[PDB]
Every structure is written in C-alpha cells, then in structure tokens.
Amino acid sequence: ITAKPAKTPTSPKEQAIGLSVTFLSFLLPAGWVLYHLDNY
Amino acid sequence: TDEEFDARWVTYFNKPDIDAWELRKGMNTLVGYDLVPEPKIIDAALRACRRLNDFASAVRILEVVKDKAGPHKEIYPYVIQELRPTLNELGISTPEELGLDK
Amino acid sequence: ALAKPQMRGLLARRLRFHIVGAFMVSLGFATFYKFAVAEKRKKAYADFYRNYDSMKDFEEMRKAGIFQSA
Amino acid sequence: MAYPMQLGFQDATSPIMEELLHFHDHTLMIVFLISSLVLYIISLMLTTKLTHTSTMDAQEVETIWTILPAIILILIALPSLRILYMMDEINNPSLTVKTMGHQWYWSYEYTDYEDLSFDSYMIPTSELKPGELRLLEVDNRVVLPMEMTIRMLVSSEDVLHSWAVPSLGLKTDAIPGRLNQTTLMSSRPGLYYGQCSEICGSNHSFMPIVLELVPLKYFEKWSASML
Amino acid sequence: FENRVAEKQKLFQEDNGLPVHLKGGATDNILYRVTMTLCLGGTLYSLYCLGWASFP
Amino acid sequence: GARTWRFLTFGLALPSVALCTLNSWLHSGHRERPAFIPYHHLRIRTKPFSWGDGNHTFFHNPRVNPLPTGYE
Amino acid sequence: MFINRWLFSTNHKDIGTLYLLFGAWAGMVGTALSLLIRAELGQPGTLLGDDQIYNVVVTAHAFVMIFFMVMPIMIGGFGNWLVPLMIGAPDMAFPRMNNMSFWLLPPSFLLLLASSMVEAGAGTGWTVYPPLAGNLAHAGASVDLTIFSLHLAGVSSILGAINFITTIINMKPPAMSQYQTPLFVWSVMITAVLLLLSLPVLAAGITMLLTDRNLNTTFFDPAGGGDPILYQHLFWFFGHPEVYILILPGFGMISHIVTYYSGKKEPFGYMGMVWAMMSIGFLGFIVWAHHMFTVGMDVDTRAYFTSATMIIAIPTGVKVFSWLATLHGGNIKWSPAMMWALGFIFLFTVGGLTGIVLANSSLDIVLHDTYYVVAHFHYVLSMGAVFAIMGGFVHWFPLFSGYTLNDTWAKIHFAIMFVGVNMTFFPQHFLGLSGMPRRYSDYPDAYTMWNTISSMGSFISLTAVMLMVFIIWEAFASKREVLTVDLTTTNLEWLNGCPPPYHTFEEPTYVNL
Amino acid sequence: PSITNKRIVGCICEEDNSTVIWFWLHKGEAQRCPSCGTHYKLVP
Amino acid sequence: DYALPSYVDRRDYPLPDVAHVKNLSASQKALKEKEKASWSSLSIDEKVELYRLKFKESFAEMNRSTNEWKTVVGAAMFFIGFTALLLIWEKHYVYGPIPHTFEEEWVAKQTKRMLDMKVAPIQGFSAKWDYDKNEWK
Amino acid sequence: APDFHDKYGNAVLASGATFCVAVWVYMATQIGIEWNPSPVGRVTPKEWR
Amino acid sequence: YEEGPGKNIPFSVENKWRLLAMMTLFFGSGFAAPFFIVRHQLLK
Ligand code: HEA
Ligand code: HEA
Ligand SMILES: CCCCC/C=C\C/C=C/C/C=C\C/C=C\CCCC(=O)O[C@H](COC(=O)CCCCCCCCCCCCCCCCC)COP(=O)(O)OCCN
Ligand SMILES: CCCCCC/C=C\CCCCCCCCCC(=O)O[C@H](COC(=O)CCCCCCCCCCCCCCC)COP(=O)(O)OC[C@@H](O)CO
Ligand SMILES: CCCCCCCCCCO[C@@H]1O[C@H](CO)[C@@H](O[C@H]2O[C@H](CO)[C@@H](O)[C@H](O)[C@H]2O)[C@H](O)[C@H]1O
Ligand SMILES: CCCCCCCCCCO[C@@H]1O[C@H](CO)[C@@H](O[C@H]2O[C@H](CO)[C@@H](O)[C@H](O)[C@H]2O)[C@H](O)[C@H]1O
Ligand SMILES: CCCCCCCCCCO[C@@H]1O[C@H](CO)[C@@H](O[C@H]2O[C@H](CO)[C@@H](O)[C@H](O)[C@H]2O)[C@H](O)[C@H]1O
Ligand SMILES: C[C@H](CCC(=O)O)[C@H]1CC[C@H]2[C@@H]3[C@H](O)C[C@@H]4C[C@H](O)CC[C@]4(C)[C@H]3C[C@H](O)[C@]12C
Ligand SMILES: C[C@H](CCC(=O)O)[C@H]1CC[C@H]2[C@@H]3[C@H](O)C[C@@H]4C[C@H](O)CC[C@]4(C)[C@H]3C[C@H](O)[C@]12C
Ligand code: CUA
Ligand SMILES: [Cu+2]
Ligand SMILES: [Mg+2]
Ligand code: NA
Ligand SMILES: [Zn+2]
C-alpha cells in the first residue's frame, strides 16, 4: 500500500501518551474492582 | 514441448512493430512461469527494447532474469555469457556494470 | 565457458525434493513414536500385570489404613 | 486420581481404559504428524525466492488431498468403533448399583438383596484429615468388589449431573426420569476418584465420586455389616 | 370506487425533498412523532424497570 | 445449468455412493443361519413351482433358504 | 443529518461500520469476562466467593463472544462492507431491513446484561440446558431475559441471512455466474444458508424452554412426559451449524488474504474451495449428536455420529492444502495481515485435529465435559475466528477508513497475541487428558500448575488487546491517507478508492459474455 | 457505454474462468485487458 | 488516482504500467532523444539516469532486508515483560492465601497416602517410587 | 537513509529481552506463587495415619 | 453527507486528543462493565 505523509504526525512522545492513557483506561477500573473484592 | 514454448516467445518479441504495451505484457506474463527464460527469448526481448528506444526496460529484463533464478547462482552468469554478443552489439550495460546491484 | 544449468521447473524440483524429505522424516518420527510412546506403554502395562497379585496389593493398602470398609 | 504436572491420561484401572490409552496413543501420533506437516509445509512455502504466479492446475493434487485423508480417517475409525462395540458388548454383571445425582452430592443404592442406601458428600477443606485430598474426598465411598463386572445405573432427583471416574473410562449423564446404564470392572483394589461432569449449579465443582475397590470376601463382609 | 392511483403517483413523486415516510403530509409527521415518542419513552421506562429489578 | 448439475453429480452424488459402498463392504460377510423351525406360515407350497423339482424357489440359496423339510 | 445517517441508515458501508464498532465493543466485554474466568482459576481456592457468579460469567463470556463479537464483525461488518463491493452492487437487496438487523443487536445485548443484573444471573452455561435452566433451579427473570436476548439476536441473523442470500443471488452483474464470485462472497452465502435453517430450530427450542418456565408446558419435564434430552437435540441441531457459521466467513477472508499477500491473482483450486465450503455446510447439519455422546444414546447412533463427524476433515483438508498451494510460488509480502492468516492456518489445523480426537465417541466418554473440549474450541473457534478477524481488520482497515496502520506496531500486536493465546490454551489439553472438568470454579490441587500458566497467558492476550486499541488510535491520530494498493485487477472492493464514496456502482460495472 | 468519462470493466478472459479482471476504462484510445489483451473502447 | 494506472516496484511485475518520472525537464527530454541513437554512445551516468526516469528502485533496492525484526521482537518482549508487572500486582493485591493443603507437611502426608493407595502405579506416580528401598527411583 | 530500526533496533531487542526475562523470573520465584510441582524426587513422604 | 477519510464515521477524528478521550470512554466502558456487574452481584 502507498500513502501520503501523515497530515498530523504522532511523535514518539505523543505515542507514549496515547499508549499510557489507553492502558490506564483498561487497567484502573478493573484494578479498583479487583483490589476491593474483599470489601465486596 | 520446451522448444515450441521458446519458439512462440521468440516470435512474440521479434514482431517488428511490437508496441510498449506488448513488451510489458510479454515480460510480466513470462516471469509468472516456473522457469528462467532461455537466452533466445531474452535476446528477442532486448532487441524489442531497442526497437522501442527503451534502454531502461533492457536493464530491468536482465534484473528479472537474475531474480527468477533465486538461489541458483550459476544461471545469471550463463545467461550473460550467451547474451554477450547482443549486449555488445546494442550497447546494453548490465545492472552490475551500472552499479544497480548495490 | 559455462555449461547450461537447469532453468525450467526450479520451484517444482524444490517442492518434489522436500515433500519426499517430509515423507522420510514422517516415517522416522512414526518409528521414534511407536518405540518411545505406544510400545513403551503396551510393555509397561503387560510387565505390570504379568506377575501382579491383586490380593497382595489389597493387603498392603489395607495395612496402610487406606480403606473405609476394611 | 491426577497428580501434579500430569500431561496425559490417569493410569488405566479397567481393560476398556487400557484400550482407550492405546487408541489415544495411535490417534495422537497422527495428530502430531499432520500438525507438524502443515507447519513444515508453511515454512517450505515461505522460504524460497523462486516464483510461479500463473494459474496452477488443481485436479491431480486434489486426488492425493482427498484419498490420503480418507484412508487416515478409516485407520482411526476402525479401532475407534471396535472399542465402542466392546464397551457395549453383553456382559453378565454379578452386581447392580444405582447412583442418583442431587444438588450437590451423590446417593447410592445397593438393592440386589438388601435395601442399602446412603448419601456421599464432599469432605469440606476445613474437615480434611491430614494427607487427604482437597475437593476429592467423600464421607461415604462407593464400596465395590474388584475383578468383577458391575452394572452401574445412573439417574438424578433434580437437575442434570454426570457420574465420572476417569481412571475406569467412565462418564454417564444423570438425567431425571431416565435410568442410564454403564459397566464398571476394576483390575485392581484401591481408591478411584471422579467429579460431577454436567454443570448443575453453584456447587458443580464440589460433588465428587470415590470408589473403594476391595476383594469380594471384603465386599460381602461390608454388605453383611450394613444390616 | 374509482382508480385514483395517478393522483397518489403525482403526490409521492412531488419534488419537495421529503423522505417517503413523510411524503403523505402532516399526518405522517404526527404518526412518526407518536411512534418515536412511545419507542423512546418505552425504552427509558424499560431502563427504569431494569434499575428497579436489579435490587431486592 | 449443466455445470451445476455436473458439480452435484461428482461433488455430492457419487461421493454418497462411494460412502454407502464402503458402509456395505464393511458389513458384508455371512451371518450364522438361525435354527430351522418348520413354521406353517413360511415355505408355503400350495402348488409345485413350474421349474426344477417343484420345491425350490427361483433364486434358492442352499446356505440360507431351507426347504419345507429343512436346510439341504 | 447525524441521526439520519447513523440511526436511519440504508447504506451497506455505514451499517458495516456500525457492526464493526458494536463488535469491537462486545469484544472488550467478552475479553473482560474471560479474564474474570482465568482470575478465578489462576490460583487454587475461591476468588469471587460465589460460584453462581462464576457460572454467570462463563455463560455471558460465551454469548458475548459468539453472538455480539464474532457474528456481528464477520457477517454484519465485513459482510456488509465487502459483499456489495465484491459483486459491483449498489447496496444490499433490502437496505432498510439491513438497518433493523443491526439495531436489534443493542437491545439483544441489553437483555443479556439485564439477565446478569437481576436475581443471581443465568449460571447455566451457554447451552442453557433444563432442568438447571428451568423455573425451579433458576427461578426468576434471568433465564427468560437470556432467552429473549437470543430471540432478538436470532431475528437479526435470520433477516440478515435473507438479505445476504438475496443480494448474492440477485445482484451480481448479469454476465457473472456464481462461479465468478469471490470466495468471501461464497463464504457469506453459505453461512447465511446455515443461519436461515439452524436459527429457527434454536428459536423453537428456547421458546419451548420459555413456555416450560412460564406457561406450565412440560416439553423438557419428565413429570409431564417431557425429556431434557429433547432440548439438547434442538439446541445442538442449531449449535453444530453455528460453529461452522462462526468459521466460514473466516475461511473466506483467509482465502482473500493468502491470495493477496502471496502476490497471486487467484486462490489455488477455486472450484475445490467452493465444493469444500458447501460440503462443510451440508455435513454440518448431520453431526450434532457428537455433543451428546455421554447422555445414553444407542451404540449404533454413536457409531453413525462418530463416522459422519470424521468426514468433515476431508473437505476441510482440501481448504488447508489449497491455502498452502496459494502460498506456493508466491512473491510473499510479510504484512501483518499475512502473519494473522499464517497463524490462522496452523492454529485452526491444531484445533480441527483435536476435534477429530473428540469425534471418536469412545474416547469422548473420557474427554467430554473436560478442559480438552475447552482447548479444542479455543484453538479452532477462539483463535481461528479471532485470527481471521484481525487479519481481515488490518488488511481492510485502509479501505474502510482511508488511513494506513503502522505495520511495525501491527506486527508487535500479532507477536504478543500469538504468545498469549498459546500460553493460555495449550496447557488446557493436559488438564483435559488428566480429567479436569470444565465449568469448575476450583480444582483439585494436582491441576494447579497448568491452571496457573493458563491464567498468566490470559494477561498476555489482554496486553495485546490494549495495544490494538492504541494502534487504531495511532492510525486515526496520524492521518496517513491511502493513495494506491496493488492487485486491484483481482480485488474489486479497492477500485473505488479509500474509503469508497457513500454511493458506489451507481453506474454498474461492464462485464461481457 | 458510459454516462461519464470512465467505467469499471470486468473481463472474463476465457469462458468458465472463475477469476474476473477489473480495471477502469477511460475515455480516449481503447485500452486492453491486462490479462488477455482484449480491447475495450469507452463510448460516452 | 485510484482510477489511473500507477507505479509499483514488484519483482513479479518488472515493467510497471507508467514511468517513475511522468514530467521531464528539457535535459531529461534531450537524454530521451539521445536514447533513440546507439546506446554505446550513452555514458554510464546517462544509462543510470534513463533507468531512474523509468524505475524508482532497482531489484537490489526493492529486495533489501531490514532491521525491523529487532524492533518487533524486542517490543513484543517489552510488552510481555509489562504483562508480568500486572501479574505481580494481581498476586500482591488481589489473591489471598491458597489452601492449607499446599503446606509442606500436608503435601508430605498427602504424598505418602497417594503412594499407599498406589496412585498411578503403572507409569504416572507410584511407578516412580521404589517400595523395596523406601525412596524415589 | 538509516531508519528507526537501523538506529534503535539493537537497543530495543537487547533491552526488551533483558526486561522480559528479569521480570518473569522475579514473578516466578520471588512473590510466593505456588507452582505445585511434582513431589517425585522432591518430597519425603511422611506418616499420615 | 460528508465523504472521504475521517468523514465516513460516527465519531470525529478532527482532534487526536478528543479522539483519545472518546476511544478511552468507548473501549474502557465495555471492558469495565463485567467487573462492575460482578461487584453488583457480590454486593447483593
Ligand atoms: C470455529 C468453530 C468450530 C469448528 C470449525 C469446529 C470444528 C470441529 N469440531 Fe468442534 N466445537 C466447537 C467449535 C468448533 N468446532 C465448540 C464451540 C465446541 C463446544 C461446544 C460446547 O460444548 O460449549 C465444539 C465441540 C466439539 C465436539 C463435542 C466434544 C464434547 O463436548 O465432548 C466434537 C465432537 O466430535 C467436535 C468435533 C469437531 C470436528 C471433528 C471439527 C471439524 O470440522 C474439524 C476439521 C479440521 C481438521 C481435521 C484440520 C484440517 C484438516 C487437515 C489438515 C486434513 C487432514 C486431517 C485428517 C486426516 C484428520 N467439536
Ligand atoms: C468466539 C468465541 C470465543 C472467544 C473469542 C473466547 C475467548 C476467550 N476465552 Fe472462551 N469460551 C467460549 C468462546 C470464546 N472464548 C465458549 C463458547 C465457552 C464455553 C462457555 C460454557 O461452558 O458454557 C468459553 C469458555 C471459556 C473457558 C472455560 C470456562 C469454564 O469451563 O469454567 C475459559 C477458561 O480459560 C475461557 C477463556 C477465554 C479467554 C482467556 C479468551 C480470550 O481472552 C482469548 C483472547 C481473545 C481475545 C482477547 C479477543 C480479541 C478480539 C476483540 C477484542 C475484537 C476486536 C474487534 C475488531 C478488530 C473489529 N473461555
Ligand atoms: C433383479 C430383480 C428384477 C426381476 C426379474 C426377475 C424375475 C422375472 C421377472 C420379474 C417380474 C416381476 C414380478 C413378477 C412376479 C414375481 C417375481 C418377483 C421377483 C422375483 O424375482 O422374486 C423371486 C421369485 O421369482 C419367481 O417366483 C419367478 C417368477 C417368474 C415368473 C413370473 C410370472 C409373471 C407374472 C405375470 C405378470 C403380469 C403382468 C400384468 C400387467 C398388467 C396388465 C393390465 C425371489 O426369489 P426367491 O428364490 O423366492 O427368494 C430369494 C431367496 N434367496
Ligand atoms: C418474543 C417476541 C420477539 C419477536 C420480536 C420481533 C422482532 C422484531 C420486530 C419486527 C418489526 C417488523 C417491522 C416490519 C419489517 C418489514 C421488513 C420487510 O418487509 O422487508 C422487505 C424485505 O424482506 C422480505 O421481503 C422478506 C422478509 C420479510 C420479513 C418480515 C418481518 C419478520 C419479523 C419476525 C420474523 C421471525 C421469523 C420466524 C422464523 C423463526 C423490504 O425490505 P426493505 O429493505 O424495507 O425495502 C426494500 C425496498 O426495495 C422495498 O420497496
Ligand atoms: C516498547 C516500544 C518499542 C518501540 C516500538 C516502536 C514501533 C514503531 C516503530 C516505527 O516503525 C515505523 O514507523 C514509521 C513512521 O510512521 C513507518 O513509516 C511510515 O511513516 C511515514 C508516513 O507519515 C512514511 O515515511 C513511511 O513511508 C511510512 O510507511 C514505518 O513503516 C514503520 O516501520
Ligand atoms: C484483569 C485486568 C486487571 C489487570 C490488573 C490491573 C493492574 C492494576 C492497575 C492499578 O489499579 C489500581 O491499583 C491501585 C493499587 O496499586 C488501587 O489503589 C488502591 O490501593 C491504593 C494503595 O493501597 C490506595 O491508595 C487507593 O486508595 C486504593 O484504591 C486502585 O484502586 C486501582 O485503580
Ligand atoms: C511468536 C510469534 C512470533 C512472531 C514474530 C514476528 C516477527 C516479524 C519480524 C518482522 O521483521 C522483518 O520482517 C520483514 C517482513 O515482515 C523482513 O522483510 C524482508 O524479508 C522478506 C523475505 O523473507 C522480504 O519479503 C522483504 O522484502 C524483506 O525486506 C525484514 O527484513 C525483517 O526485519
Ligand atoms: C465437478 C466440480 C466442478 C468442476 C468445474 O465445473 O470447474 C469439481 C469441483 C471440486 C471437485 C472435487 C474436489 O476436487 C475434491 C475431490 C477430488 C477428487 O480427486 C475427485 C472427487 C472430488 C470430490 C472432486 C470432484 C469434482 O471434480 C469437483 C466437485
Ligand atoms: C359493487 C362493488 C364494485 C367494486 C368496484 O369495482 O369498485 C363490488 C365488486 C365486488 C364486491 C365484493 C364481492 O362481491 C364479495 C363480497 C360480497 C358480499 O355480499 C358483500 C361484500 C363483498 C366484499 C363485495 C363488496 C362490494 O359490493 C364489491 C367490492
Ligand atoms: Cu452435579 Cu455438576
Ligand atoms: Cu458440533
Ligand atoms: Mg455434558
Ligand atoms: Na477458583
Ligand atoms: Zn481479459
């Protein structure tokens, strides 16, 4: 496949932010429930 | 038979007024087969390139002969040996002579 | 001067050679497996039962205290 | 019972489980070979600069691709069905025992001669005697004679259950309103464990089966004591 | 009865940009609004019922 | 079209015949013949047959078809 | 305009996009449920302290992955996007009915999530066998909400099947015979025929269960002369076709992917591939009782079901060998989609082979209701379906979005997922052979080591899922717009550009005889 | 025929080919099927 | 652009549908005029220039191997390592104690009872115990 | 024209492999996971009765 | 209707950070839901 250069390139730092926010969106809520299973 | 296959492809490339589309169609079709084209076929295709004033395609045809041999190292030098008189006659430089083998 | 190498059917020649090689290897594996697994297992069961004394086995288990009923 | 890091079947306690072990060894050799051939051929297709991209004729190779698999399947099915018909063959049992599944325990009925019946409950982990097995022990084991053909009849008084003993090759669903038959023959004395094998609600994991196989003389003494 | 299909063809082919479900006129709008209000209101009521039923 | 019916012939119909041929082949071989009992509703003879000795059916198989008096 | 476009759609592409979004969301739910399963099993003892909740989680895991992730993605998503494009059709036959097949799924999912929130849930298994699923052992609304969820999903798929069969038969170019349609289109037509015939039988069976629970019928209740085993026959008469429904579109996508990245104009042995899919579809209706080898059926019945089941290996093997023969002689492009497809071929083969082990009723006595079965179907279904979905997704994402993925990230994603699923499921073979039952919240101590490893594998796959979301974000964030793709001469879906216009084939293709 | 200046052609190069060859045919000089070389001319 | 012939470097499609360079300067046009005479009169640099008007990459260029495998394998190992951090977190904060049957003394007693009941005596377990010498084989 | 892989591939491969082995070894050995290995050649049987 | 990359979708890709928030809420809500349903059943 061939493509145009990125209109809005995503730098290594921008990727670290997006990856971090993505991982945290999965891990924090599930982590909160699993940590508190005793309280349940 | 092998001889009849080769003769048909020699005839194809030898047509005096072969056009650019037919040159491309012929080479792109031939490299689909399980074979490295015989020197007589490549000779005819290189002379078609000369009639079509297309030096670049002549070099590209030598590259795809080498490519079709895969790891069979002895094929390309044999082919260049057989084509030497035609390469000299038409002034075709090999990809190696041009540094295009990197 | 260089002699003409084989220029036709190189892919087919390679396939034929390696399909025969795969067959030969499959045969060698079937020989390993029969010995290491299937015959080993037949021999282990046959050897175990050849002189097996079910009453002596029971008496050992009973003396060890394993049974509710004896 | 199973032991830690076990890869294969529990050691066979019955002749039909022995047959199944030999049949699995045969079948697994084929599975390994076909799995390995496919992986090998993938690797072969992917490791050459040689090309052939024009149309290929499929007719000749499809004969090999259908006949060879058909032969292999026949070579699996013949021994498979021999064992199937062995495990159905008319035996003369010397004893019939019923088991009824319940939420969540088994009951056993020995009604050939006396009306003997009892319930068989998992020993809770907090009550296990030292060296006893978590989730596998029961209070009342299924006492049976060794080296004898036994008829087990299986049903349920509530939901579906399934009465299983892997080392004897046994698994028979327990269906209310239905009396399912299986044959049990142990080559050896000892304790043989199994677990409920149809989801029956919250305590499905906790209603095991324990057979206690003893010589006939000890089975008779046990039966006589139960009066 | 008389064949008035031509008169309906003219109505439903009028170049007024209306989608076919509204092309009959103001009554289509009323029936659509009744339908969608019952569907959306009913769905909100089903969620309330879920909330109620989710607890003892 | 013809192409579709040929596809069905070779792809479904003849494979079915091959599978049923296999099935029949595997279950062939002679079963043990039952004790002869001279039941009066079987081996009916109200008139001699118009061939042979009058007492043999047209496709009489000595192995599995007893006469009124029993197996030959 | 936003409501008209996305709630009132009559467009195959927009409806396909809705199905892909729905399915991806469902996949997150299904994955979360799978991690809760493996957390309960990841050490000996109890985690949740409530085995009814464990059983509800297992039940919901299966329904979400089958009805809300795989079928919506494969049939609703790839089917709606690709089928009209691959036959040069301007839309589906019934473009408005198509939208109702989609909009039935959110309500269906809401009923499933209502089942789990009311009373103590439906802790039944996805089989929903009575009497456990009956009004004594599962009193209250949960099982009825599960039944209704399945009715809505079933109507969605039956109407979808009508739409796909009509589209594929009626809306090709007049010169294009059925034997000139791409293999993906064949795979969807065959899948749709299986749905049309199988789902109504499930609908009958679960309706009987509804009436036994609420109208004092006794179809499955021996007190009234009913039979729990009748439910099992009706369920599995649907359920075996259902497992072929889940894989067939996957087989179609794999054929396209292997052909494309081998640099070929066509798959090896086209008519053999059509023959094999039709043979699998047909044989798929005559094998169901291999799900019932321990219920007490007659020996000759077991013999028949063993033999019929084994036959499916023959057409299946033709497809596997044909994929290998499509690679043969290729100019191989080691794209991430090609990696997904090669993973598919191998992992599908492993799972299919353990299916052949299970087909042997004798051995199935010992393997039935064990982790051997769980291992079999997580190879052939879970890995097979998911690997075909991820291959199709990375291959066609640029068509659907107009944007390219980062190929290096996509290869990393593949590598993580390959490790995770094999670490999760391979050890479950040992657990099955050694006698660990399925549908258990806890296990005898001997089974600890392989459960521990399996649960550690499940977290590796979670890391892959999270990375997949980042990879999709990075593509939409960077906005690398597609210009050209190769092999358009044998991949018509690409020839209107990326993404194609809302309306394509307003002027149909020209195909002469 | 086309109502516009380009139309997609599918070429079934030989009777009973399963593979269709797809390409845009533009107004102007006739183009050839890239598989069989069959000529096509657009007639707006 | 999707509707027009395009350029591709593919070993199996050596002569693409269009030239790499569509629009020529006057010097490049003169070189194409020169190409109509004897190629023996063409210089090495001119031959390379004609090649580069027609094609983007040579066979050697388009076929080159890359270091990408290092990034893919290394990154995969990083994310698999990150996974072990999640499992450490789970063990610390989610999992409570395992059952008392995993205690060293229970396992020693349980092991003896398994040998006394001859668990798996043909191959699996008791087979690996020497009942004469009272030790593991 | 050196790319990301030419510049960083060696470092990514070495650091990734080192991190992966170190964290899995720590998880496997240092945090009290019960693997429940075979008692064969490991456990001294003790009187239970 | 709007056509072309980023315009054939029911969500905006005009701003990559707003997009990250929407994708976070979308996939996160699905992943979270079973944990919160388990919590709801345990708290009964
Ligand atoms: C994608 C979904 C899918 C697919 C395609 C299959 C495919 C097969 N399945 Fe499986 N199956 C499931 C999903 C699937 N299955 C599910 C979900 C269950 C559990 C339901 C539940 O209880 O919850 C299940 C359960 C199930 C059972 C019941 C086991 C039990 O509960 O005790 C059996 C019994 O025979 C079975 C057999 C097979 C067979 C023989 C195939 C065949 O179609 C496989 C054919 C493929 C191959 C054989 C490999 C490729 C072939 C070759 C390389 C050629 C050469 C091969 C040979 C000569 C053998 N499967
Ligand atoms: C398609 C079907 C499918 C899929 C994908 C899965 C995926 C997984 N399943 Fe399973 N599972 C079933 C179907 C499926 N499952 C069924 C039918 C049952 C039986 C239920 C019963 O007994 O009644 C079952 C049961 C089952 C059990 C047995 C429970 C028990 O017997 O008590 C286990 C145990 O480990 C398990 C684990 C997993 C895990 C860890 C995953 C996954 O975590 C593996 C990794 C896969 C993913 C993480 C999916 C990724 C996909 C997406 C996120 C979609 C992306 C979308 C786009 C790109 C558009 N599942
Ligand atoms: C491969 C099968 C094909 C059949 C060909 C074989 C035989 C000849 C022709 C058959 C015609 C069909 C039916 C006639 C009646 C009887 C024959 C039935 C079929 C048959 O062949 O039956 C045999 C007996 O034949 C006998 O009596 C033999 C009887 C021979 C004489 C038949 C008398 C003719 C009857 C008159 C016909 C009237 C037609 C009326 C037309 C209507 C006009 C309005 C069976 O053999 P068996 O040894 O008893 O058992 C087998 C034991 N191992
Ligand atoms: C417990 C209770 C649960 C049940 C819930 C019921 C589920 C959903 C609510 C149903 C609401 C129905 C509303 C009407 C649907 C009409 C569909 C229809 O009639 O669809 C037509 C196509 O299907 C055709 O023909 C042939 C198909 C016509 C099918 C009609 C509707 C069937 C709905 C239920 C079917 C279940 C099947 C039973 C077998 C199991 C028209 O297709 P369109 O794309 O519209 O237009 C195309 C244009 O060219 C027409 O000018
Ligand atoms: C633990 C973390 C470890 C680090 C893992 C990092 C993984 C990402 C590696 C970067 O990979 C590259 O990214 C380039 C930049 O996007 C891509 O080029 C793409 O980007 C440009 C488009 O804007 C063009 O120059 C290229 O042609 C185009 O393919 C290129 O394919 C890809 O190999
Ligand atoms: C199956 C998928 C799950 C994979 C595992 C997820 C990995 C863990 C992610 C982190 O999750 C968080 O962990 C914190 C602990 O590290 C918790 O803080 C809890 O504990 C803290 C420290 O004890 C307190 O300060 C906080 O108040 C308290 O909520 C917090 O709630 C939770 O969000
Ligand atoms: C547990 C599962 C493990 C899965 C791990 C996945 C590993 C993938 C590594 C990718 O690394 C690259 O792969 C390219 C292709 O993806 C190679 O291209 C090279 O090699 C190919 C020939 O094999 C050619 O086709 C290419 O043109 C050529 O540049 C390239 O050199 C290599 O660095
Ligand atoms: C006849 C039909 C279509 C041929 C065509 O019109 O192109 C072809 C397509 C697939 C073929 C089948 C498949 O190749 C699989 C089988 C291969 C065996 O060598 C013959 C039987 C076998 C079952 C084939 C019979 C027949 O040749 C089929 C059914
Ligand atoms: C007079 C009228 C003509 C209709 C017309 O051409 O518009 C006739 C034609 C056929 C008639 C119908 C048919 O004769 C059948 C029915 C006969 C019943 O006796 C009355 C109702 C009934 C349903 C009729 C109603 C009405 O009188 C109809 C509709
Ligand atoms: Cu009783 Cu499960
Ligand atoms: Cu099935
Ligand atoms: Mg069962
Ligand atoms: Na547990
Ligand atoms: Zn053509």
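Chain A is the first sequence line, chain B the second, and so forth, proteins listed ahead of strands; every chain is numbered from 1. Reckoned from all heavy atoms, side chains included, excluding hydrogens, waters and symmetry mates.
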(message) Heavy-atom cut-off 4.5 Å, strictly under: side chain, backbone, both or neither for I/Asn134 against chain J?
(response) neither

(request) Mind checking the CD1-OH spacing from J/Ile33 to I/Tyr95? Nearest 0.5 Å is all I need. (result) 9.0 Å

(request) Go through the atoms of J/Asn36 and report whether side chain, backbone, both or neither lie under 4.5 Å from a heavy atom of chain I. (result) side chain

(request) To the nearest 0.5 angstrom, please state how far the CD atom of J/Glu47 sits from the CZ atom of I/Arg113. (result) 14.5 Å

(message) I'd like to verify something: which residue of J/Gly32, J/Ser15, J/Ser38 has the highest number of heavy-atom pairs under 4.5 Å with chain I?
(response) J/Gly32

(message) Can you give me the closest heavy-atom contact between J/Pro45 and I/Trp129, atom names plus distance?
(response) CG-CH2, 3.6 Å

(request) Drop me the distance from I/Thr71's OG1 to J/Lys7's NZ, to the nearest 0.5 angstrom. (result) 12.5 Å

(request) Measure distances from I/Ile80 to the heavy atoms of chain J and classify the residue's part below 4.5 Å as side chain, backbone, both or neither. (result) both

(request) Find out whether J/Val12 and I/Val72 are in side-chain contact, i.e. whether some heavy atom of one side chain is under 4.5 Å from a heavy atom of the other. (result) no

(message) Minimum heavy-atom separation for J/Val23 and I/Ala84, please, with both atom names.
(response) CG2-CB, 3.5 Å

(request) Tell me, for J/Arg49 versus chain I, whether the close heavy atoms (under 4.5 Å) come from the side chain, the backbone, both or neither. (result) neither

(message) Tell me whether the count of non-hydrogen atoms from other residues, nucleotides or ligands lying under 6.0 Å of NZ in I/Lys137 goes above 12.
(response) yes

(request) Could you tell me whether the side chain of J/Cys20 reaches within less than 4.5 Å of the side chain of I/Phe79, counting heavy atoms only? (result) no

(request) Please determine which of I/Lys112, I/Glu105, I/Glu104 meets the side chain to side chain contact (heavy atoms under 4.5 Å, CB included) test together with J/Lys46. (result) I/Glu105

(request) Any chance you could measure J/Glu34, atom CD, to I/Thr101, atom OG1, to the nearest 0.5 Å? (result) 9.5 Å

(request) Flag the pair I/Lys109 / J/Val43 as yes when at least one side-chain heavy-atom distance between them is below 4.5 Å, and no otherwise. (result) no

(message) Which atoms of I/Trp69 are under 4.5 Å from chain J, going by heavy atoms: the side chain, the backbone, both sets, or neither?
(response) side chain

(request) Can you measure from CH2 (I/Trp136) to OG1 (J/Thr44) and round to the nearest 0.5 angstrom? (result) 9.5 Å

(message) Please check this pair: side chain of I/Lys91 against backbone of J/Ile31, looking for a donor-acceptor N/O pair closer than 3.5 Å.
(response) yes

(message) Quick one: does any side-chain atom of J/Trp48 pair with a main-chain N or O of I/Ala108 as donor and acceptor, under 3.5 Å?
(response) no

(request) Nearest 0.5 Å please: distance from the CG atom of J/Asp6 over to the CD atom of I/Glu68. (result) 11.0 Å

(request) Would you mind reporting whether J/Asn10 and I/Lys70 have side-chain heavy atoms less than 4.5 Å apart? (result) yes

(message) Can you confirm whether I/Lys32 is buried at NZ, in the sense that more than 12 heavy atoms of other residues, nucleotides or ligands lie under 6.0 Å from that atom?
(response) yes

(request) Please flag which part of I/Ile98 lies under 4.5 Å from any non-hydrogen atom of chain J: side chain, backbone, both or neither. (result) side chain

(request) Would you mind telling me which of I/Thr66, I/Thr83, I/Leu87 has the largest number of heavy-atom pairs within less than 4.5 Å of chain J? (result) I/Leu87

(message) I'd like to check J/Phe19 versus I/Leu85 (side-chain heavy atoms, cut-off strictly below 4.5 Å). Are they in contact?
(response) yes

